[PDB]
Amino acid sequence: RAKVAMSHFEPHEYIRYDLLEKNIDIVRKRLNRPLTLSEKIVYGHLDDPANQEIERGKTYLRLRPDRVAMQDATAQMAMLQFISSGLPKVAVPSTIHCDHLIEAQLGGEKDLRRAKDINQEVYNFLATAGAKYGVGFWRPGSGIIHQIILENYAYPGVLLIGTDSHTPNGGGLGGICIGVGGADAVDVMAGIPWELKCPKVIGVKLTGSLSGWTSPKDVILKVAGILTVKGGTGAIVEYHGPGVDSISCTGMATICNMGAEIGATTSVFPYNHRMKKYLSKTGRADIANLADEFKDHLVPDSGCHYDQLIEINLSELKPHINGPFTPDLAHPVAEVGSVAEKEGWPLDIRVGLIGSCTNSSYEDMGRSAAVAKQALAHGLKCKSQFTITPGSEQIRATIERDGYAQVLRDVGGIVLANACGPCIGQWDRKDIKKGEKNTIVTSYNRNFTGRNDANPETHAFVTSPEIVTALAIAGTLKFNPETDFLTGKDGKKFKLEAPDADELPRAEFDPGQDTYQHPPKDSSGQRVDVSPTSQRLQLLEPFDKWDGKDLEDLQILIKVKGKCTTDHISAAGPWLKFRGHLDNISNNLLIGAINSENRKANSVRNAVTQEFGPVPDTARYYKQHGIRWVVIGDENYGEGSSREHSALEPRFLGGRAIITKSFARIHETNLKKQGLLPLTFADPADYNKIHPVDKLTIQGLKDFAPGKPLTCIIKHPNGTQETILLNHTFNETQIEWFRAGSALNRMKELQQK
């Protein structure tokens, strides 16, 4: 066919649109109906298109991803599991991106230099494991993972998996990009088929066109308020309609990115001329030309059926700001000042932060600079503190060159290193005391309790970078940039003009400094050293195989009330220091979750001593004394980040099962991967029958089977017993993970010993 390389770094790995076409055609001969775009790319990557059972929402698909991307907070545990497998080399193109361990403190270069000293052990481990197993490595300072992927690796029709829940960002270039836990990436790097429950498809028809202050971020802030944080669970969101051509390629990536906050499996846009333009400007005109020849397979079929359809008129959309503690509490910017006032949310904005993978593009920096130059023209600077994260080294070099960085510095901003930084709590914040009630507004995507600064009383609102810039200039949530007046130096009142900016540099991008490190694909005689006394890195010891018995008289470690995100289960911020050390990071287990017994975080009754104390300490006491335990959870347990540490930590501290009203997808898959039992109530009202004092017997594990419920006997202290049924979504592949003790244990059994 054509021999067009997958990227500039892998000149030998060719795009296989011929394979894709071939597979799409096998499947449509079987289904005899129009396929959506996500169905074309997902079913086009089936390991066995001829025999795979395909029912949306019901069958598990065995897929062959094109490439794997990992960032340094999840790559450490994915590579320690890969090192346990004993396999010598990764089977598909794979990269590690170092973006999570650079703490915001001093800004830019000084923070990068410090992170390189402080995190030397970890960066060394990843570069060495990368050289040994054939994984490309983007050095600290390269940029945030999803911006490097859009710029170098994502292309129309790719199926990419990344160990990060915002991997859907790549949907802005027409690929299917899906977030997974480190153990799922091990399957694909190992070469074994990856399984994914066949998605439902929600279609979002965009009409009209964006005007003025409304930006791509407002489309997904509105969709999140409509669908709620659990409304996209088990579905791919497919954007289509005449309004699509009004959005830049990084704008489409912004909308796909935050589809993660409604629990969607991923989001995608059809190949179009804005994508083509972005591919040409990033040195991939040959890939845009090839995609032009295969265009039919890169847009939806005429008349395809969406399981749910939502229509959004871009022309009537207004600026939104979402929060404070959920990203789906959606307010128009024009009303947030009054809802805050009524609700007791602090009205002054202490810090305005632009960045994260969701909004750190060249265009986002240009639109922020366009608001800021107007303030500067009237002798104003930011009333709030203001920080700016460029998404990649290329964007940093180019916004510097094209003058936007100096405008943002002159209004009072501090440019931070090209890294997550304050978005996962890597921020040495000292303007507030812990527990001080305050408001920050960000262009990020999540605003979960204590995630940005570990202060549970910080009220964080997420919005677009141009609205963060306008609110930082005013310093108060009571400011609508569309209607209100600022007062210049000169005494005149003036109004902010809606920002206008180029979506891409007029000249070419400036690449900035060299930050990619190709594997020696020669040498690979690297020994990966993990010191046995390391506090940051620890080799894994396998979990125990299932004993063949039912689980009786299980202790409830904690019955959780309400929202319980993976940031409540395994906090980030200061704990990122231990993402390669299981025993040390297990000390944060469930410290943010609210206990229904007393409505406190990190305070549970130890059943034996009858003292209330920290959840990790109590779990370790139960483990020490042979008491097997359970967590009881409410709805959408495990919402958020893909960090498999939220599943590895309960396994390690002696947990057996997590029984909830519902689970978020990636967390439920991670629980099964680590040999725990994720179970849901067959009647959610049964959550109210279980009291923290009850003991539970899960019965029927001997004939554990797809589609058959398990019985749970609730043993009340007064002698009363009640029996309830619990559902599971295990297929026989996954029951083998549970019988072996983990998926990694099962994989190692299949290596003939």
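Just count from 1 along the sequence shown to find any residue number. Whichever C-alpha set is largest while still superposing within 1.5 Å between the two forms counts as the rigid core.
Remark: when the other structures in 4 other deposited structures of this protein are fitted onto this one via the rigid core, 356-364 deviates more than the alternative among 356-364 and 664-672, judged by RMS CA distance. Larger root-mean-square CA separation from the shown form, computed after a rigid core fit of the structures in 4 other deposited structures of this protein, is seen for 335-343 when 335-343 is set against 292-300. Comparing 193-201 with 469-477, the higher mean C-alpha B-factor in the PDB entry belongs to 469-477. If you average the C-alpha B-factors over 73-81 and over 536-544, the higher value belongs to 536-544.
Set against one another, the Cα B-factors of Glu261, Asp117, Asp164, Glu363 in the record reach their highest point at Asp117.
Highest CA B-factor among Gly170, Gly421, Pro499, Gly655, as stated in the entry: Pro499.
Looking at the C-alpha B-factors along this chain, the one for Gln624 belongs to the highest third. Looking at the C-alpha B-factors along this chain, the one for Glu39 belongs to the lowest third. Sort the modelled residues of the chain by CA B factor and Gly638 lands in the lowest third.
In the deposited entry, the Cα temperature factor of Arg113 sits in the middle third of values across the chain's modelled residues. In the PDB entry, a CA B factor belonging to the lowest third of its chain's modelled residues is recorded for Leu150.
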